[PDB]
Each structure stands twice: as structure tokens, then as C-alpha cells.
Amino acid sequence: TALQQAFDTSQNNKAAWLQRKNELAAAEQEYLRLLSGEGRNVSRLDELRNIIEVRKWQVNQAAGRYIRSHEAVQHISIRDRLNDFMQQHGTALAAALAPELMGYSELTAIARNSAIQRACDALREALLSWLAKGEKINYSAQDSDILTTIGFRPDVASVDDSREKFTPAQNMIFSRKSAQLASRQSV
């Protein structure tokens, strides 16, 4: 299913974001090792300078991509779980909303926009009212393992790491550089 894929792609993008962070550290630490040293390798430093810059962009891009893939997993679960609920109790629910919804298939586009808006307001109130009970919410059994595993939200670290913006111009430059940085044989 799409949710299994979406999950896999997520934990993957997380792992990727964390790798990039590692690599940035690795570079940063080598830069610092060098400046603390007595030699004066102008060129190694200027290439480490560039590498560090690239890795920061990479940490940024990876973080964003991770957040969205996280959200996706949630988005998909909600969707399917809700559908499985409509499957179960969709008749009971539309019955309760019958004064708004009855003859919906029969409605015009302005009738149908109206009807849904007003039903969705009534549903908003009902949900809030049930919330105020303070009953504790657990994930749907079916997707609990996945949803727990990915976490409730992305650690704010990723939100922070993705905060900065990059033009598609920069993205082009940097993606080229990343690809060059990819092929590099260490020596």
C-alpha cells in the first residue's frame, strides 16, 4: 500500500537528513583541526570551506524533504482511517446531518458548497464538544506501529535546519556541487 511506501520513504529521508548532519560535522571538525594546527594549507582549507557550504545546503534540503514525507505518512493514514470509519458509521453520520445533507446527490454546485460548509460547521462543534471531555486519544490500532515509530511531529531540529530559503538558482549550483562532491574519491 501507499502508506507502507510513504513510511519507508520517510524513515529513509530522516536517516538521510541525519547523515548529512554527520557529514557536515565531519567536515567542520576537520576544518577546526586544521586552523588549530601550525601548518598553513591554504587550498585544503578553501576546499573544506566550499564543502562545508555545500553540506549546509544539503542538511537544509534533506530536512525539508523529511518533514514533508513525515506529514505525508500522517496525511495518508488519516485519509484511509477516516474512509474506514465512513465505511462503518457513514450512514449514522449522514443521518444525523440529514437536515443539511438529504438530497445532496440532487443538489446544485452552490447548493452543495452551502450544504457541506454548514454540515462541516456542525461537525466542528460536535468534535470540539467531544474533545472537551478530555478523553485520551490513541492512534488507530491498524496504523499505531507506524505512526508511533515516525513520531507525533518531526523534531524541531529539522524545522530549524530547513528554516533558510534557497532560490532555484542556488539549488542548481549546489546540486551540481553535491553531485561533484558525490563522485570524489578520498585520497
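In this text, residue numbers run from 1 along the sequence as written.
Higher average CA B factor: 135-143, of the stretches 23-31 and 135-143. Note on 153-161 vs 37-45: mean CA B-factor is higher in 37-45. The top Cα temperature factor in the record, among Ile116, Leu93, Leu82, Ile76, falls on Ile116. Split the chain's modelled residues into thirds by C-alpha temperature factor. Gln185 is in the highest one. Placement of the Cα temperature factor of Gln11 within the chain: middle third of the modelled residues, per the deposited record. Per-chain ranking of the deposited C-alpha B factor places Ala98 in the middle third. Annotation for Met86: C-alpha temperature factor in the middle third relative to the rest of the modelled chain, per the entry.
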